[PDB]
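Structure first, commentary second.
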Amino acid sequence: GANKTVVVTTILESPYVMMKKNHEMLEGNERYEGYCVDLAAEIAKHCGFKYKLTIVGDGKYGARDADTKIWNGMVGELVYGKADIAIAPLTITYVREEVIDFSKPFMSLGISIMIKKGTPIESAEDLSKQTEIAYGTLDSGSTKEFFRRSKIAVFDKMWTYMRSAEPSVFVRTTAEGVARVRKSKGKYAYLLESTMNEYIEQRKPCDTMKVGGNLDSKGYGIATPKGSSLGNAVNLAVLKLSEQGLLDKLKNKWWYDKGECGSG
Amino acid sequence: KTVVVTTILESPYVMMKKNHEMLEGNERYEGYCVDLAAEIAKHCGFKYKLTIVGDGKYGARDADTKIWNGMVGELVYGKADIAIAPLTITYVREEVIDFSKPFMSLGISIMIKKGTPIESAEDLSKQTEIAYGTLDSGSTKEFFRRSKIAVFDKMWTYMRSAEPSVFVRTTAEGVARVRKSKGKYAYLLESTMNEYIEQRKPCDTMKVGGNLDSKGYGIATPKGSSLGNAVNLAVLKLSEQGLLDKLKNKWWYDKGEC
Ligand SMILES: O=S1(=O)NCN(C2CC2)c2cc(CCc3ccc4c(c3)N(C3CC3)CNS4(=O)=O)ccc21
Ligand SMILES: N[C@@H](CCC(=O)O)C(=O)O
Ligand SMILES: N[C@@H](CCC(=O)O)C(=O)O
Ligand SMILES: [Cl-]
Ligand SMILES: [Cl-]
Ligand SMILES: [Cl-]
Ligand SMILES: [Cl-]
Ligand SMILES: [Cl-]
Ligand SMILES: [Cl-]
Ligand SMILES: [Cl-]
């Protein structure tokens with residue numbers, strides 16, 4: 001019954017968790033900065049526990065293997081007892097809800113389209129009705145699962161192309177997808193979550209943009225293992241910080257307050 | 004055995020059908036939350052009976068009595084097994100009842116008569132010609148009372164003591180007040196209901212500015228209820244299948260008079 005340090009699994013994803021400039025001479029949680037770094041501190045204060053930030057070893061959000069049927073990423077860390085809690089841009093999904101707990105959402109997002117400025121694309125329907133511009137998603141994430149399991153005509157049509165496109169249209173990190181859009185002269189569009197799309201749109205060289213409306217509506221939740229006694233208090237902490245307006249303050253802090261692409 | 008569902012008459016969520024007087028049971032009602040209750044019950048495999056909350060209130064706790072009214076009280080005191088309604092997820096409610104993951108997004112918004120010289124909550128707080136208020140016994144009123152944000156705290160100080168009362172008992176009452184006040188009244192309501200009214204005749208109201216907060220509606224059950232697990236998974240399933248977006252388009256825009 002003695003108080004133990006809470007093991008927090010997170011992921012290096014800008015601006016949620018980022019290496020500080022002088023990280024090579026810093027230790028522990030001091031190495032990291034970002035939205036989820038500030039959020040982890042706010043949560044820990046309200047719940048009154050100590051915690052250690054740990055980057056997920058495999059750098060994945062969470063997917064279940066078809067053959068082995070074992071969870072990887074931050075989800076696996078919680079399922080197999082490697083971490084006590086996940087504080088990261090982890091999307092709430094049906095399949096994950098069955099195996100882990102999710103607090104009420106702390107941030108909203110929907111799948112969106114990233115294009116290099118000037119690309120003749122305005123919607124997912126435009127992508128599905130053409131072949132000149134390739135497009136893909138992140139691996140081991142909820143966006144890829146959205147298209148694989150979608151029974152909607154446009155989305156089902158897009159998945160049928162992406163799953164067998166050559167060379168692979170999928171990426172293993174968001175930065176990989178951003179670079180692919182930037183160095184493809186408009187011949188590649190990246191399907192990612194609106195939160196990350198809006199952030200990149202505010203970073204140099206300011207050559208990308210979110211186009212069209214979102215394909216779905218969901219949020220990020222603070223995840224814990226099923227039955228964890230921490231879930232109750234953290235859930236109330238999220239709602240408290242939301243009502244106080246802190247969650248709105250943190251987004252502006254890490255998305256627009258230091259936007260490198262103008263004042264607007 | 005039959006699940007008692009408490010809901011509230013709020014368009015387009017729950018509405019009396021035409022010729023409802025010769026109908027009985029769940030067939031008397033139509034709307035977004037009526038379809039949602041059917042979708043949820045089908046996925047969880049239970050029978051249910053729709054009942055309008057007796058006091059016609061969403062849910063607030065009396066300061067002295069500490070007694071919950073509205074649909075929240077129905078769940079706390081065992082009068083209903085589940086609430087399927089535009090019930091806002093809030094911190095104070097989370098302490099006393101369970102909430103599924105949200106099934107619809109909303110934020111506090113401003114309703115004005117078209118042409119009113121107002122663009123933000125900050126504009127309202129910095130003037131006195133145009134009155135403004137909220138619904139009683141709801142989450143919007145509680146948001147302003149408990150807010151330490153400068154603009155919202157300033158707005159609450161005015162509304163709590165304005166005469167005549169700027170608060171209303173129903174959404175329809177607030178809509179009417181905006182329409183026949185020649186722009187000297189703005190109504191603070193949730194964006195979902197603001198967007199619906201904006202698409203209804205006489206098309207003389209509009210939603211202005213961004214929302215003041217960001218939250219959602221959740222399917223509510225008593226704390227510890229065994230139903231909470233199945234309904235929560237049902238909501239997420241309907242979300243990923245896209246049926247929640249379908250129902251939204253069905254009851255908000257598919258019949259637009261503006
Ligand atoms: O994956 S979901 O759970 N399932 C389905 N949907 C869709 C609507 C059908 C959504 C939608 C959202 C965004 C709207 C929303 C709802 C509730 C709350 C929000 C923001 N906040 C704000 C900080 C962001 C705080 N607490 S809160 O009051 O709970 C998030 C998660 C999901
Ligand atoms: N937030 C996603 C990862 C990013 C994406 O899939 O676009 C997840 O939890 O899997
Ligand atoms: N959805 C709101 C309605 C009343 C309000 O606008 O605050 C509630 O549950 O209280
Ligand atoms: Cl320890
Ligand atoms: Cl009605
Ligand atoms: Cl009638
Ligand atoms: Cl019936
Ligand atoms: Cl039934
Ligand atoms: Cl709240
Ligand atoms: Cl302030």
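Line by line, the protein sequences are chains A and B. 124 is the number that the authors' numbering gives to position 124 of the first sequence; each next residue is one higher, with no gaps. For any residue, its number in the authors' numbering is found by taking its place in the second sequence, counting from 1, and adding 3. Don't be surprised by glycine CBs; every beta carbon is placed ideally from N, CA and C.
Residue i - partner residues in DSSP beta bridges
{"i": "B/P89", "result": "DSSP, once it has assigned bridges, lists no residue as partnering B/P89."}
{"i": "B/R64", "result": "B/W71"}
{"i": "A/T160", "result": "Looking at the DSSP assignment, A/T160 forms no beta bridge with any residue, so it has no partner."}
{"i": "B/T9", "result": "B/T54, B/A86"}
{"i": "A/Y32", "result": "A/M19"}
{"i": "A/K210", "result": "A/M114"}
{"i": "A/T195", "result": "DSSP output for A/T195 lists no bridge partner at all."}
{"i": "A/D101", "result": "A/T224"}
{"i": "A/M107", "result": "A/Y220"}
Contact test: residue i Cβ vs ligand 9 heavy atom, cutoff 8 Å
{"i": "B/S108", "result": "no"}
Residues of its chain near residue i, where Cβ-Cβ distance is below 6 Å and the 5 sequence neighbours each way are ignored
{"i": "A/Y32", "result": "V17, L53"}
{"i": "B/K117", "result": "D207, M209"}
{"i": "A/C261", "result": "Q202, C206"}
{"i": "B/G212", "result": "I113, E122, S123"}
{"i": "B/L109", "result": "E193, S194, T195"}
{"i": "B/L241", "result": "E42, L247"}
{"i": "A/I133", "result": "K187, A189"}
{"i": "B/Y35", "result": "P15, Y16, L250, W254"}
{"i": "B/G231", "result": "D101, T224"}
{"i": "B/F155", "result": "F147"}
Cβ-heavy atom distance, residue i to ligand 5, below 8 Å
{"i": "B/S14", "result": "yes"}
{"i": "B/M74", "result": "no"}
{"i": "A/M162", "result": "no"}
{"i": "A/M19", "result": "no"}
Own chain partners of residue i with C-beta closer than 8 Å, once the 5 adjacent residues on each side are dropped
{"i": "A/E145", "result": "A63, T93, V95"}
{"i": "B/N252", "result": "none"}
{"i": "B/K185", "result": "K116"}
{"i": "B/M162", "result": "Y135, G136, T137, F147, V169, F170"}
{"i": "A/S228", "result": "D84, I85, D101"}
{"i": "A/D67", "result": "none"}
{"i": "A/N3", "result": "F49, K50"}
Residue i Cβ short of 8 Å to ligand 3 heavy atom set
{"i": "B/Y61", "result": "yes"}
{"i": "B/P89", "result": "yes"}
{"i": "B/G136", "result": "no"}
{"i": "B/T9", "result": "no"}
{"i": "B/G141", "result": "yes"}
Heavy atom of ligand 8 within 8 Å of residue i beta-carbon
{"i": "B/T54", "result": "no"}
{"i": "B/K50", "result": "yes"}
{"i": "B/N197", "result": "no"}
{"i": "A/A233", "result": "no"}
{"i": "B/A44", "result": "yes"}
Beta-carbon proximity list for residue i, same chain, < 7 Å, skipping 5 on both sides
{"i": "A/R180", "result": "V171, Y188, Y190"}
{"i": "A/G73", "result": "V56, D58, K60, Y61, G62, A63, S140"}
{"i": "B/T5", "result": "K50, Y51, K52"}
{"i": "A/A40", "result": "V8, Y51, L53, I87"}
{"i": "B/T143", "result": "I111, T137, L191, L192, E193"}
Contact test: residue i Cβ vs ligand 1 heavy atom, cutoff 8 Å
{"i": "A/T173", "result": "no"}
{"i": "A/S217", "result": "yes"}
{"i": "B/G227", "result": "no"}
{"i": "A/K253", "result": "no"}
{"i": "B/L39", "result": "no"}
{"i": "B/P105", "result": "yes"}
Cβ-heavy atom distance, residue i to ligand 4, below 8 Å
{"i": "B/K210", "result": "no"}
{"i": "A/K4", "result": "yes"}
Any non-hydrogen atom of ligand 2 within 8 Å of residue i CB
{"i": "B/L250", "result": "no"}
{"i": "A/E193", "result": "yes"}
{"i": "A/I113", "result": "no"}
{"i": "A/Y220", "result": "yes"}
{"i": "A/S168", "result": "no"}
{"i": "A/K187", "result": "no"}
{"i": "A/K144", "result": "yes"}
Any non-hydrogen atom of ligand 6 closer than 8 Å to residue i Cβ
{"i": "B/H23", "result": "yes"}
Exercise. What residues come near ligand 9, if near means a beta carbon less than 6 Å from any of its heavy atoms?
Worked result: So the residues near ligand 9 by this Cβ test are A/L239, A/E243, B/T93, B/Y94.
For this session: Ignoring anything shorter than 3 residues or poking outside the segment 118-192 of chain B, list the beta strand (DSSP E) runs there in chain order.
Result: The qualifying runs are 134-136.
Problem set entry | Beta carbon nearer than 5 Å to a non-hydrogen atom of ligand 7 | The set, ordered by position in the chain, is B/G28, B/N29.
Problem set entry | Residues passing the C-beta test against ligand 10 heavy atoms, cut-off 6 Å | Any heavy atom of ligand 10 within less than 6 Å of a residue's beta carbon puts that residue on the list, which reads B/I152, B/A153.
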